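Right, one structure below, let's go through it.
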Amino acid sequence: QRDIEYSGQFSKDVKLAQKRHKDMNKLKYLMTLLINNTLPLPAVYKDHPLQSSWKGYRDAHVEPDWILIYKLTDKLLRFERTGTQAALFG
């Protein structure tokens with residue numbers, strides 16, 4: 001059975017997104033898709049694996065400059081980070 005995990009940094013990220021007036025319903029909706037096992041995700045999310053330092057994780061776009069970094073295995077779904085490309089990768 002697959003668990004659901006929220007990293008400590010992810011919780012902080014959500015708070016920042018809130019403070020920056022982001023449309024939180026868009027993120028919530030994507031998280032629901034992932035939790036409810038939607039495969040594949042709709043093309044619009046540009047869902048793809050990451051490499052290098054982020055190998056093992058995946059990346060989906062909530063908006064063109066708002067991404068969600070998560071890990072998805074048979075054993076876990078872990079929400080890792082969310083925010084701008086620059087904040088997350090720079």
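Residue numbers start at 1 in each chain; chains themselves are named A, B, ... in the order of the structure tokens; ligands are numbered from 1 in the order shown.
Every residue of chain A with a DSSP assignment of strand (DSSP E or B), taken from the backbone, is listed as residues 3, 4, 5, 6, 48, 49, 58, 59, 60, 61, 62, 63, 66, 67, 68, 69, 70, 71, 72, 76, 77, 78, 79, 80, 81, 82 and 83 of chain A.
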Give me, as an mmCIF file with C-alpha atoms, in the first residue's frame, all polymer residues having an atom no more than 10 Å from region 39-45 of chain A, counting only C-alpha atoms and skipping those fewer than 3 positions away in the same chain.
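Now in selection15.cif:
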```cif
data_model
loop_
_atom_site.group_PDB
_atom_site.id
_atom_site.type_symbol
_atom_site.label_atom_id
_atom_site.label_comp_id
_atom_site.auth_asym_id
_atom_site.auth_seq_id
_atom_site.Cartn_x
_atom_site.Cartn_y
_atom_site.Cartn_z
ATOM 1 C CA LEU A 30 -3.109 18.412 -9.101
ATOM 2 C CA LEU A 33 -4.977 13.687 -9.226
ATOM 3 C CA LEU A 34 -1.714 12.242 -7.909
ATOM 4 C CA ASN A 36 -6.166 9.316 -6.625
ATOM 5 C CA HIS A 48 8.384 14.449 -16.494
ATOM 6 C CA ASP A 59 8.203 17.580 -11.980
ATOM 7 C CA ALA A 60 4.706 18.853 -12.939
ATOM 8 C CA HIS A 61 3.623 22.399 -13.896
ATOM 9 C CA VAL A 62 0.748 23.895 -11.899
ATOM 10 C CA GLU A 63 1.355 27.021 -14.024
ATOM 11 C CA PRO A 64 4.185 27.949 -16.426
ATOM 12 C CA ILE A 67 6.059 23.613 -10.438
ATOM 13 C CA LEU A 68 5.434 20.683 -8.081
#
```
DSSP alpha helix (DSSP H) residues within chain A, listed as JSON, numbers by chain: {"A": [8, 9, 10, 11, 12, 13, 14, 15, 16, 17, 18, 19, 24, 25, 26, 27, 28, 29, 30, 31, 32, 33, 34, 35, 85, 86, 87, 88, 89]}
Export N, CA and C atoms of the chosen residues as a PDB file, in the first residue's frame?
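Writing the result to result.pdb gives the following:
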```pdb
ATOM      1  N   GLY A   8       8.805  18.447   5.020  1.00  0.00           N
ATOM      2  CA  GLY A   8       8.709  19.643   5.835  1.00  0.00           C
ATOM      3  C   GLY A   8       8.874  20.867   4.958  1.00  0.00           C
ATOM      4  N   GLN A   9       9.777  20.780   3.995  1.00  0.00           N
ATOM      5  CA  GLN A   9       9.985  21.918   3.110  1.00  0.00           C
ATOM      6  C   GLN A   9       8.746  22.170   2.261  1.00  0.00           C
ATOM      7  N   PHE A  10       8.054  21.100   1.878  1.00  0.00           N
ATOM      8  CA  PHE A  10       6.842  21.263   1.071  1.00  0.00           C
ATOM      9  C   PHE A  10       5.780  22.083   1.806  1.00  0.00           C
ATOM     10  N   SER A  11       5.597  21.796   3.089  1.00  0.00           N
ATOM     11  CA  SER A  11       4.624  22.536   3.881  1.00  0.00           C
ATOM     12  C   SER A  11       4.987  24.019   3.933  1.00  0.00           C
ATOM     13  N   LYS A  12       6.273  24.318   4.083  1.00  0.00           N
ATOM     14  CA  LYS A  12       6.738  25.710   4.056  1.00  0.00           C
ATOM     15  C   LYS A  12       6.482  26.358   2.696  1.00  0.00           C
ATOM     16  N   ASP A  13       6.768  25.606   1.636  1.00  0.00           N
ATOM     17  CA  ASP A  13       6.528  26.069   0.265  1.00  0.00           C
ATOM     18  C   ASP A  13       5.070  26.453   0.020  1.00  0.00           C
ATOM     19  N   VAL A  14       4.148  25.669   0.569  1.00  0.00           N
ATOM     20  CA  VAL A  14       2.726  25.923   0.364  1.00  0.00           C
ATOM     21  C   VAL A  14       2.355  27.242   1.008  1.00  0.00           C
ATOM     22  N   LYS A  15       2.843  27.457   2.223  1.00  0.00           N
ATOM     23  CA  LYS A  15       2.633  28.721   2.927  1.00  0.00           C
ATOM     24  C   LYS A  15       3.141  29.924   2.142  1.00  0.00           C
ATOM     25  N   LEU A  16       4.321  29.803   1.547  1.00  0.00           N
ATOM     26  CA  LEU A  16       4.865  30.895   0.738  1.00  0.00           C
ATOM     27  C   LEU A  16       3.990  31.146  -0.488  1.00  0.00           C
ATOM     28  N   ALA A  17       3.576  30.069  -1.150  1.00  0.00           N
ATOM     29  CA  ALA A  17       2.713  30.204  -2.320  1.00  0.00           C
ATOM     30  C   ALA A  17       1.431  30.924  -1.948  1.00  0.00           C
ATOM     31  N   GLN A  18       0.908  30.607  -0.766  1.00  0.00           N
ATOM     32  CA  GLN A  18      -0.296  31.246  -0.249  1.00  0.00           C
ATOM     33  C   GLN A  18      -0.078  32.744  -0.086  1.00  0.00           C
ATOM     34  N   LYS A  19       1.025  33.090   0.571  1.00  0.00           N
ATOM     35  CA  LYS A  19       1.400  34.480   0.832  1.00  0.00           C
ATOM     36  C   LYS A  19       1.599  35.278  -0.464  1.00  0.00           C
ATOM     37  N   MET A  24      -4.232  28.605  -5.112  1.00  0.00           N
ATOM     38  CA  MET A  24      -4.001  27.345  -4.408  1.00  0.00           C
ATOM     39  C   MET A  24      -4.902  26.196  -4.858  1.00  0.00           C
ATOM     40  N   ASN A  25      -6.076  26.507  -5.396  1.00  0.00           N
ATOM     41  CA  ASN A  25      -6.934  25.444  -5.907  1.00  0.00           C
ATOM     42  C   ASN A  25      -6.308  24.665  -7.069  1.00  0.00           C
ATOM     43  N   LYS A  26      -5.431  25.309  -7.840  1.00  0.00           N
ATOM     44  CA  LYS A  26      -4.772  24.624  -8.950  1.00  0.00           C
ATOM     45  C   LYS A  26      -3.793  23.576  -8.445  1.00  0.00           C
ATOM     46  N   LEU A  27      -3.131  23.889  -7.338  1.00  0.00           N
ATOM     47  CA  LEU A  27      -2.164  22.956  -6.763  1.00  0.00           C
ATOM     48  C   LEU A  27      -2.944  21.831  -6.124  1.00  0.00           C
ATOM     49  N   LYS A  28      -4.003  22.183  -5.388  1.00  0.00           N
ATOM     50  CA  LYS A  28      -4.788  21.174  -4.670  1.00  0.00           C
ATOM     51  C   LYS A  28      -5.348  20.155  -5.644  1.00  0.00           C
ATOM     52  N   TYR A  29      -5.814  20.646  -6.788  1.00  0.00           N
ATOM     53  CA  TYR A  29      -6.414  19.789  -7.804  1.00  0.00           C
ATOM     54  C   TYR A  29      -5.377  18.820  -8.360  1.00  0.00           C
ATOM     55  N   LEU A  30      -4.175  19.314  -8.657  1.00  0.00           N
ATOM     56  CA  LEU A  30      -3.109  18.412  -9.101  1.00  0.00           C
ATOM     57  C   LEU A  30      -2.735  17.368  -8.041  1.00  0.00           C
ATOM     58  N   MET A  31      -2.667  17.787  -6.781  1.00  0.00           N
ATOM     59  CA  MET A  31      -2.327  16.850  -5.714  1.00  0.00           C
ATOM     60  C   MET A  31      -3.384  15.747  -5.596  1.00  0.00           C
ATOM     61  N   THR A  32      -4.642  16.106  -5.848  1.00  0.00           N
ATOM     62  CA  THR A  32      -5.746  15.133  -5.796  1.00  0.00           C
ATOM     63  C   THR A  32      -5.585  14.107  -6.913  1.00  0.00           C
ATOM     64  N   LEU A  33      -5.208  14.583  -8.101  1.00  0.00           N
ATOM     65  CA  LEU A  33      -4.977  13.687  -9.226  1.00  0.00           C
ATOM     66  C   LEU A  33      -3.914  12.651  -8.882  1.00  0.00           C
ATOM     67  N   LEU A  34      -2.819  13.116  -8.287  1.00  0.00           N
ATOM     68  CA  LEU A  34      -1.714  12.242  -7.909  1.00  0.00           C
ATOM     69  C   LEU A  34      -2.099  11.258  -6.804  1.00  0.00           C
ATOM     70  N   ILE A  35      -2.821  11.753  -5.806  1.00  0.00           N
ATOM     71  CA  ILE A  35      -3.287  10.925  -4.688  1.00  0.00           C
ATOM     72  C   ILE A  35      -4.263   9.846  -5.169  1.00  0.00           C
ATOM     73  N   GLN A  85      10.450  27.928 -10.656  1.00  0.00           N
ATOM     74  CA  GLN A  85      11.657  27.287 -11.171  1.00  0.00           C
ATOM     75  C   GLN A  85      12.898  27.830 -10.471  1.00  0.00           C
ATOM     76  N   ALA A  86      13.021  29.153 -10.447  1.00  0.00           N
ATOM     77  CA  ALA A  86      14.173  29.803  -9.821  1.00  0.00           C
ATOM     78  C   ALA A  86      14.326  29.437  -8.344  1.00  0.00           C
ATOM     79  N   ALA A  87      13.234  29.490  -7.585  1.00  0.00           N
ATOM     80  CA  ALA A  87      13.310  29.178  -6.163  1.00  0.00           C
ATOM     81  C   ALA A  87      13.702  27.723  -5.943  1.00  0.00           C
ATOM     82  N   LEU A  88      13.177  26.833  -6.775  1.00  0.00           N
ATOM     83  CA  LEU A  88      13.386  25.414  -6.528  1.00  0.00           C
ATOM     84  C   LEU A  88      14.704  24.892  -7.076  1.00  0.00           C
ATOM     85  N   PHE A  89      15.098  25.385  -8.244  1.00  0.00           N
ATOM     86  CA  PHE A  89      16.273  24.850  -8.943  1.00  0.00           C
ATOM     87  C   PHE A  89      17.496  25.772  -8.963  1.00  0.00           C
TER      88      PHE A  89
END
```
